[PDB]
Amino acid sequence: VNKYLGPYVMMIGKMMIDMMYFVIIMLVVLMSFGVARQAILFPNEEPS
Amino acid sequence: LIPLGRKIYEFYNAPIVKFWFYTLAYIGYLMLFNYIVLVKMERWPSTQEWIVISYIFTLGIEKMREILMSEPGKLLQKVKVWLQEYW
Ligand SMILES: CC(C)CCC[C@@H](C)[C@H]1CC[C@H]2[C@@H]3CC=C4C[C@@H](OC(=O)CCC(=O)O)CC[C@]4(C)[C@H]3CC[C@]12C
Ligand SMILES: CC(C)CCC[C@@H](C)[C@H]1CC[C@H]2[C@@H]3CC=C4C[C@@H](OC(=O)CCC(=O)O)CC[C@]4(C)[C@H]3CC[C@]12C
Ligand SMILES: CC(C)CCC[C@@H](C)[C@H]1CC[C@H]2[C@@H]3CC=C4C[C@@H](OC(=O)CCC(=O)O)CC[C@]4(C)[C@H]3CC[C@]12C
Ligand SMILES: CC(C)CCC[C@@H](C)[C@H]1CC[C@H]2[C@@H]3CC=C4C[C@@H](OC(=O)CCC(=O)O)CC[C@]4(C)[C@H]3CC[C@]12C
Ligand SMILES: CC(C)CCC[C@@H](C)[C@H]1CC[C@H]2[C@@H]3CC=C4C[C@@H](OC(=O)CCC(=O)O)CC[C@]4(C)[C@H]3CC[C@]12C
Ligand SMILES: CCC1(c2ccccc2)C(=O)NCNC1=O
């Protein structure tokens, strides 16, 4: 309702889309590093 | 039955359908690669590793086929045209 907080809230809602695209690119890089690290440092693992 | 076969052939030869089929095969190949690198392997490869090996070999055959069925006529020019796409 406030004249400054309201536009700030919908401004955050507009930047959620750019945040989602950053999340997608970070997700690709993050699982690539995570899978590589877990697969190197733990060779003998059961399905879990 | 002829219109049904015509619809199937027209659908499966669409570029968007081919792209999404290749993409959904890629996203089912990547999970199999993740499974074979996370879980331990025995002396011989498992079923999922054989599927991943088959995917790599058929993709390599596909890339040689893109080298052959290119625009130029002499092999070095075919390779030089193909190496512009860095991916
Ligand atoms: C305790 C932990 C789990 C933190 C919670 C994180 C999220 C559940 C919250 C934090 C900030 C929230 C956002 C803050 C601002 C907005 C704008 C607002 O949307 C509008 O005003 C509509 C117009 C527009 O989207 O621009 C409400 C949804 C949204 C995206 C919110 C959705 C839910 C979010 C992402
Ligand atoms: C690319 C970025 C923007 C998003 C990707 C990060 C999240 C999808 C990850 C990071 C931390 C993860 C969490 C880290 C730890 C846990 C606890 C885990 O619960 C247990 O292990 C049970 C308790 C125990 O055994 O100690 C369940 C999954 C969860 C919530 C994970 C769910 C997936 C999370 C939220
Ligand atoms: C393109 C990107 C998003 C792909 C990411 C895929 C992986 C994060 C997923 C896909 C296949 C998943 C695996 C599929 C099967 C299993 C077996 C499963 O084994 C059991 O639940 C135990 C079986 C039992 O004793 O009942 C444990 C999780 C795991 C390793 C999964 C771990 C997570 C994996 C590697
Ligand atoms: C089209 C795209 C979006 C999805 C297609 C991929 C999935 C359907 C595949 C990829 C990884 C597969 C999993 C990889 C590994 C396993 C472990 C496998 O378990 C074993 O090999 C030991 C136990 C048993 O023999 O059942 C059972 C199938 C499962 C869960 C697979 C189930 C089917 C999954 C999820
Ligand atoms: C074409 C690729 C790139 C994606 C398509 C996904 C599915 C067609 C594949 C992916 C994972 C596969 C599964 C991975 C492992 C197994 C366990 C396997 O279990 C056994 O053979 C048990 C007995 C034994 O251990 O020999 C049976 C086939 C199954 C379910 C596979 C069935 C076919 C699945 C679902
Ligand atoms: C290996 C990835 C891919 C592909 C898949 C979907 C979109 C783009 C590329 C393929 O699976 N075969 C043809 N060429 C390729 O590099």
# chains A, B, ... in the order shown; residues from 1 in each chain; ligands from 1
>>> interface_residues(of="chain A", to="chain B", cutoff="6 Å", atoms="only C-alpha atoms", output="list in words")
residues 39, 43, 44, 45, 46 and 47 of chain A
>>> write_last_selection(atoms="N, CA and C atoms", output="compact mmCIF listing (two decimals), in the first residue's frame")
# COMPACT_ATOMS: atom_id res chain seq x y z
N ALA A 39 31.57 -37.87 -7.84
CA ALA A 39 31.99 -39.04 -8.60
C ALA A 39 33.48 -39.28 -8.55
N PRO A 43 34.46 -43.24 -5.18
CA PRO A 43 34.33 -44.21 -6.29
C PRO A 43 33.43 -45.38 -5.97
N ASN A 44 33.52 -45.95 -4.77
CA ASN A 44 32.78 -47.16 -4.41
C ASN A 44 31.57 -46.75 -3.58
N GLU A 45 30.43 -46.56 -4.25
CA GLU A 45 29.19 -46.19 -3.60
C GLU A 45 28.05 -47.06 -4.09
N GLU A 46 27.16 -47.42 -3.18
CA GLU A 46 25.95 -48.14 -3.50
C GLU A 46 24.87 -47.15 -3.95
N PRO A 47 23.83 -47.62 -4.68
CA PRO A 47 22.72 -46.73 -5.02
C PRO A 47 21.95 -46.23 -3.81
>>> residues_near_ligand(ligand="ligand 6", cutoff="9 Å", atoms="only C-alpha atoms and all ligand atoms", output="mmCIF file with C-alpha atoms, in the first residue's frame")
data_model
loop_
_atom_site.group_PDB
_atom_site.id
_atom_site.type_symbol
_atom_site.label_atom_id
_atom_site.label_comp_id
_atom_site.auth_asym_id
_atom_site.auth_seq_id
_atom_site.Cartn_x
_atom_site.Cartn_y
_atom_site.Cartn_z
ATOM 1 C CA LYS B 18 13.019 -33.782 -34.104
ATOM 2 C CA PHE B 19 14.633 -31.196 -31.826
ATOM 3 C CA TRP B 20 12.484 -32.117 -28.836
ATOM 4 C CA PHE B 21 13.051 -35.825 -29.504
ATOM 5 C CA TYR B 22 16.819 -35.240 -29.586
ATOM 6 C CA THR B 23 16.566 -33.075 -26.452
ATOM 7 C CA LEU B 24 14.510 -35.631 -24.510
ATOM 8 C CA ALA B 25 17.011 -38.281 -25.551
ATOM 9 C CA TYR B 26 19.852 -36.044 -24.362
ATOM 10 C CA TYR B 29 21.313 -39.857 -21.627
ATOM 11 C CA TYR B 55 25.106 -43.150 -27.298
ATOM 12 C CA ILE B 56 28.700 -41.897 -27.542
ATOM 13 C CA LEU B 59 26.927 -39.707 -31.829
ATOM 14 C CA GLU B 62 26.691 -38.979 -36.602
ATOM 15 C CA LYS B 63 29.442 -36.342 -36.398
ATOM 16 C CA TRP B 87 30.185 -26.900 -30.401
#
>>> residues_near_ligand(ligand="ligand 1", cutoff="8 Å", atoms="only C-alpha atoms and all ligand atoms", output="list in words")
residues 6, 9, 10, 11, 12, 13, 14 and 16 of chain A
>>> write_last_selection(atoms="N, CA and C atoms", output="mmCIF file, in the first residue's frame")
data_model
loop_
_atom_site.group_PDB
_atom_site.id
_atom_site.type_symbol
_atom_site.label_atom_id
_atom_site.label_comp_id
_atom_site.auth_asym_id
_atom_site.auth_seq_id
_atom_site.Cartn_x
_atom_site.Cartn_y
_atom_site.Cartn_z
ATOM 1 N N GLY A 6 5.373 -0.315 -2.199
ATOM 2 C CA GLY A 6 4.594 -0.996 -3.210
ATOM 3 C C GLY A 6 5.264 -1.185 -4.558
ATOM 4 N N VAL A 9 8.015 -3.665 -4.167
ATOM 5 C CA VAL A 9 7.570 -5.057 -4.172
ATOM 6 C C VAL A 9 7.303 -5.545 -5.597
ATOM 7 N N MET A 10 6.616 -4.741 -6.422
ATOM 8 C CA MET A 10 6.431 -5.221 -7.798
ATOM 9 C C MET A 10 7.720 -5.164 -8.609
ATOM 10 N N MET A 11 8.674 -4.323 -8.213
ATOM 11 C CA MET A 11 9.993 -4.340 -8.831
ATOM 12 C C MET A 11 10.714 -5.652 -8.546
ATOM 13 N N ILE A 12 10.626 -6.136 -7.301
ATOM 14 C CA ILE A 12 11.170 -7.448 -6.942
ATOM 15 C C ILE A 12 10.499 -8.548 -7.755
ATOM 16 N N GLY A 13 9.171 -8.463 -7.890
ATOM 17 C CA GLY A 13 8.440 -9.429 -8.693
ATOM 18 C C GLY A 13 8.823 -9.422 -10.159
ATOM 19 N N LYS A 14 9.221 -8.261 -10.685
ATOM 20 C CA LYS A 14 9.719 -8.219 -12.056
ATOM 21 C C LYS A 14 11.111 -8.832 -12.172
ATOM 22 N N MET A 16 12.258 -11.285 -10.489
ATOM 23 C CA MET A 16 12.215 -12.744 -10.322
ATOM 24 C C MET A 16 12.472 -13.519 -11.616
#
>>> residues_around(residues="residue 64 of chain B", least_positions_apart="6", cutoff="12 Å", atoms="only C-alpha atoms", output="mmCIF file with C-alpha atoms, in the first residue's frame")
data_model
loop_
_atom_site.group_PDB
_atom_site.id
_atom_site.type_symbol
_atom_site.label_atom_id
_atom_site.label_comp_id
_atom_site.auth_asym_id
_atom_site.auth_seq_id
_atom_site.Cartn_x
_atom_site.Cartn_y
_atom_site.Cartn_z
ATOM 1 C CA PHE B 57 29.576 -44.208 -30.454
ATOM 2 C CA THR B 58 26.431 -43.423 -32.447
ATOM 3 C CA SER B 70 28.582 -31.185 -45.886
ATOM 4 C CA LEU B 75 37.638 -33.434 -47.552
ATOM 5 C CA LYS B 78 34.529 -30.215 -45.422
ATOM 6 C CA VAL B 79 36.481 -30.410 -42.159
ATOM 7 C CA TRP B 82 32.611 -28.180 -39.973
#
